[PDB]
Amino acid sequence: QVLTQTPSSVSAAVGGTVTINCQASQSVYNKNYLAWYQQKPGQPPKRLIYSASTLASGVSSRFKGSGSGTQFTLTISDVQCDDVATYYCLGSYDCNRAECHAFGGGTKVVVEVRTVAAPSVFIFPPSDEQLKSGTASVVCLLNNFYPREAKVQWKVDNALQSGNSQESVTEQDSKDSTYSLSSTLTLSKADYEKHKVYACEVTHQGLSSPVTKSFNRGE
Amino acid sequence: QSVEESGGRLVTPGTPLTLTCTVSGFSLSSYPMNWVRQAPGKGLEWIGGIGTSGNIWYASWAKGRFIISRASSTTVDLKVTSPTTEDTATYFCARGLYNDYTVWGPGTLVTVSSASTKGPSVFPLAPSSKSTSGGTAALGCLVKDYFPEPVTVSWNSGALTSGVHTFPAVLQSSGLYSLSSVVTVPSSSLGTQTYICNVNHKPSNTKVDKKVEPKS
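Residues numbered from 1 in each chain as written, not as in the entry; some residues may be left out. Chains lettered and ligands numbered in written order. Heavy atoms only, no water. Residues with missing side-chain atoms left out of burial classes, pairs and counts.

Per the deposited record, X-ray crystallography is how this structure was determined, to a resolution of 2.00 Å.

Okay, structure coming up:
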């Protein structure tokens, strides 16, 4: 049995409604052995619904399951910031006739806000400790922004850097619905001490103009 | 009733590994047990399980690759017979999966790779005027050049959690991971309050407590 979830990603404003569909290739046991799981980043999955529509103990009545046979839906009403998670359907079967259990592929729920939030931007020079080791890492932090799309550009003596940085983004915050991002520029100690001005330039919807944070090596 | 997974570690491809699920507060002859896995950033996948009567069931994709057994009155084993890089995942055990008696463990991390274990270097991200904005200062630690996952980061022995961002690790071209953890604090606190990042990388037996102070 294969369970297909659509869509694979969904957005709702706070107070809005999302609907997630689960289609099974064959009917679950008793036509209703379908469970829904919620998974928040870093955590084991939490069982929210079973028997297609029955809430697990303690689960909010904002979650509503429905459907039968091969076609199932999860509806989240009055979407809240803490609903940010990946949701999985789980179908169960007669072990003698089919695979005992099969998870759907998951649907990521994102919370949308009408208003944008500009990132606060911070730059960190390499530590003296690291410089001793022969490498220099420069870090640029973009803190608490929305929406997710953000452009970070590294400039060294006003020269655009390519192929020598990596970035990482957090999952959406379950309290303020924002993202944060770190970009790390990595150079050899030798290359680092050849240049003076180190800059990270940030483009984002919440900023009317690109903002640059920079330092001069040494000074 | 609770369950706990153990045995996850780094192995080279082809090297057999056994995971264990240990149960407390119930009998294995009373409830079914199931193994589930999740590769980093991917979905949940049912592997197999053992029913009340002791019958063992596998997902069709898992047959031959995994062997499930009752190892004792309180433990269920999962043996990965010839691991490939694609068996890198968190492995969860659960009593049940569907019914009201369902209980999951926190998971155990398996990494399959020919890369060797390496402890991280921990460097400070010092607060300065270049990391201050409107009464808020940002500071952190850079945890560089480690393998495999995971590393844990906490601040002030867990006493500080607000304004903390620990970023997902990135795989560098060298094949080693790097990550940063940052925290935003009141700038007025930089003179009085001590900030220490607590970094633990158990695979390499590395534990570092790095004080992060304003740069001189």
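Having seen it, we continue.
1. So, the domain arrangement of chain A
Bring the parts together and some accessible area is lost; that lost area is often taken as the interface size. All names here are of chain A. Rules: How far each domain reaches was decided by an automatic or database domain assignment. In this description, contact between two residues means that some pair of their heavy atoms is separated by no more than 4.5 Å. The buried area of a pairing is the accessible area, by a 1.4 Å probe, that goes missing from both parts when the two are put together, added over both. Salt bridge, as used here: a side-chain nitrogen of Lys or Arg that lies within 4 Å of a carboxyl oxygen of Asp or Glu. Definition of a polar contact: a pair of N or O atoms within 3.5 Å, with one able to donate and the other able to accept a hydrogen when the atoms are protein atoms, and with sequence-neighbouring residues admitted only if both atoms are side-chain atoms. Under the scheme applied, nonpolar residues are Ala, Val, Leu, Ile, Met, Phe, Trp, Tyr, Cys and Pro; charged residues are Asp, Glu, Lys and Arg; polar residues are all the others, including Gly.
In terms of domain boundaries, chain A breaks down into domain 1 (2–114) and domain 2 (115–217). Here the C-alpha centre of domain 2 lies 37 Å away from the C-alpha centre of domain 1. Each side of the interface is counted separately: domain 1 has 9 residues, and domain 2 has 9 residues. Between domain 1 and domain 2, roughly 810 Å² of surface is buried when both sides are summed, and carbon and sulfur atoms account for 53% of that area. Of all residues in domain 1, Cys-81, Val-84 and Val-113 give up the largest surface area on contact with domain 2, accounting jointly for 50% of the area buried on that side. Scanning the region where domain 1 abuts domain 2 turns up 0 salt bridges. One can count 3 residue pairs in polar contact joining domain 1 with domain 2. Across the side of domain 1 that touches domain 2, the residue classes break down as 6 nonpolar, no polar and 3 charged.

2. Structural notes on the pattern of salt bridges
Defined as follows: Relative accessibility under 20% of the residue-type maximum defines a buried residue, over 50% an exposed one, and the middle range a partly exposed one, all with a 1.4 Å probe and only protein chains included.
All told, the structure shown has 11 salt bridges over all chains when counted by the stated rule. With its nearest N and O atoms 2.8 Å apart, the salt bridge here joins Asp-94 of chain A to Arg-97 of chain A. By relative accessible area, which is 64% here, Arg-97 of chain A ends up exposed. Among the salt bridges present, the one from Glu-213 of chain B reaches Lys-211 of chain B, with a minimum N-O distance of 3.7 Å. The partly exposed category is assigned to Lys-211 of chain B, whose relative accessible area is 46%.

3. Focus: the nonpolar core
The following threshold applies: Residues enter a nonpolar core if they are buried and are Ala, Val, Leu, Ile, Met, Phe, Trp, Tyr or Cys, with the set joined through side-chain atoms within 4.5 Å. Labels follow the DSSP assignment, with helices taken as runs of H or I lasting at least four residues and strands as runs of E lasting at least two, numbered in each case from the N terminus.
Residues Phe-103 of chain A together with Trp-35, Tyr-91 and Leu-97 of chain B are the most contacted members of the largest nonpolar core, which totals 39 residues. The element contributing the most residues to this core is strand β9 (residues 89–95) of chain B, with 5 residues. One finds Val-10, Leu-48, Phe-72 and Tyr-87 of chain A within the second-largest nonpolar core, a separate group that totals 29 residues.

4. Considerations on the domain arrangement of chain B
Residue and element names in this part refer to chain B. In terms of domains, chain B is made up of domain 1 (2–114) and domain 2 (115–216). The C-alpha-based centres of domain 1 and domain 2 are spaced at 33 Å. When the buried area of domain 1 at its contact with domain 2 is split by residue, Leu-10, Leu-109 and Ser-114 rank highest and sum to 72% of it. Inspection of the domain 1/domain 2 interface yields 1 residue pair in polar contact.

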